[PDB]
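Okay, here we've got a single chain as structure tokens, the form deposited in one PDB entry, with questions on binding and movement later.
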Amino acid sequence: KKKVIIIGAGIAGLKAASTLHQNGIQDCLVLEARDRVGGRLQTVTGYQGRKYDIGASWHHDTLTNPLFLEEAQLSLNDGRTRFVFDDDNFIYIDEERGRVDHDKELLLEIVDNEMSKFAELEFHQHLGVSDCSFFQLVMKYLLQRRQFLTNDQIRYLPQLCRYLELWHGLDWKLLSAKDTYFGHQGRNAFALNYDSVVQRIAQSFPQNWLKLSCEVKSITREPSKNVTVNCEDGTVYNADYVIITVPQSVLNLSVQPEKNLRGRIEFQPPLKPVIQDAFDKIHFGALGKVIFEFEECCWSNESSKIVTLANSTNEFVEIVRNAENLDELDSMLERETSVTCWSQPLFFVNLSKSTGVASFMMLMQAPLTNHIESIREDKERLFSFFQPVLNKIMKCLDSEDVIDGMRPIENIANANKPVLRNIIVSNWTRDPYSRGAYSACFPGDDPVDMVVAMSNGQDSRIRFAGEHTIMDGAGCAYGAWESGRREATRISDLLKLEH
């Protein structure tokens, strides 16, 4: 009945669909478990109708990002604003000291930069002589260059350098040192509606292809030459080619016990060892977001990029200055509970400077993400948890402590203080169809394995797409976008030529 069956309506699947149609292919489906398309691309609506991407937000690597370039071309022709370049000079804030960025005496940006070259040198042409954690790597550096670092640099640099946790959605003790640093192919463009991208692509093929709320439970590959696919409601579709775009975290269920897990797909035959071993190669991080909606901007718009540093100690400096080796240090750190807003770095996007909106989009990482998404409906607790970083920010930005206005209550002498009107939090680590943000690396991981395993397919019939099945743009919206065109063309020409 069906030529190709695309599982998942994220951008990978939506692209694969747009293409198949672009190549005259007919009778193809798109089975999406959620009741909406977009997958990890979702724009929501808050106070006074403001819109925010709770999922993906940027076009990364604008110098090579092909999806972005398509968008740029569209904007050249119709003048419609689709994105904005929000790269800015980062403001770094420490609870006690305050702003530690562009410091005439701390010069953290320079050492961080060195820190970066050091890491490159440690793994350059070595085959990864034992991979450690970003945390360990940072320690090695501090030890090896202390003779050339002041006290304040040994104390703060490691905290500032953790902003990289918000790029992987992983804390520095869980993240791989070998993958921490990666290529940044040019500036980033804040998408002004990734939902426009999702919207455009979904409307580039027969709407009657989309089947929302279709949980796919099992995929069968009868050597006969067809592929049996059964959604959850008991329906069944027969197809020649199948493009599975579910997320790595989800797919990683097909290789475990308990087939009653939400989303899990039963494969018949079972995924060859290559694929199943790929999963031991690690994956899935947990980048999260909290949107803070204020009545109006009443703070300085010096920068659109603000990062709060996790608390540090002079007791740390002393331990670096006295350790005699990695072992004595790796141990002398036996020094030392209660997670607070100052227990990890937090990345704040000041939307006022960049998009004229009085809100802040904050990014968070594991293990914090899952705990905060857990209390997403408890506005009061969320406000109490972040109130201190928020006020520290407002202070540093020539403003005042935040007033809680989420409950409809109007006052007048508060037109000079920032009034918080609402909080929106993501829910990716708890949504069964995502179970996390995107692929990431634990010390010892190796992405190539999975990319190859995935791009080589289960066979000539069962293929794969998604931010986890490609090398360029891995984990990014465009990476997923291209992986969708890939499998799509590999099946397309393989049909036009047929007959």
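Heads up, when I say rigid core I mean the largest set of C-alphas that superpose within 1.5 Å between the two forms. Note that residue numbering begins at 1 and tracks the sequence as displayed.
What comes next is about the form deposited in another entry, which is not displayed.
Superposition on the rigid core between this form and the one not shown places the CA atom of residue 437 2 Å or more away from its counterpart.
A shift of at least 3 angstroms pushes the Cα atoms of residue 437 and residue 53 further from each other in that other deposited form than in the displayed structure.
Look at residue 53 and residue 436: in that other deposited form their Cα atoms move 3 Å or more farther apart than in this form.
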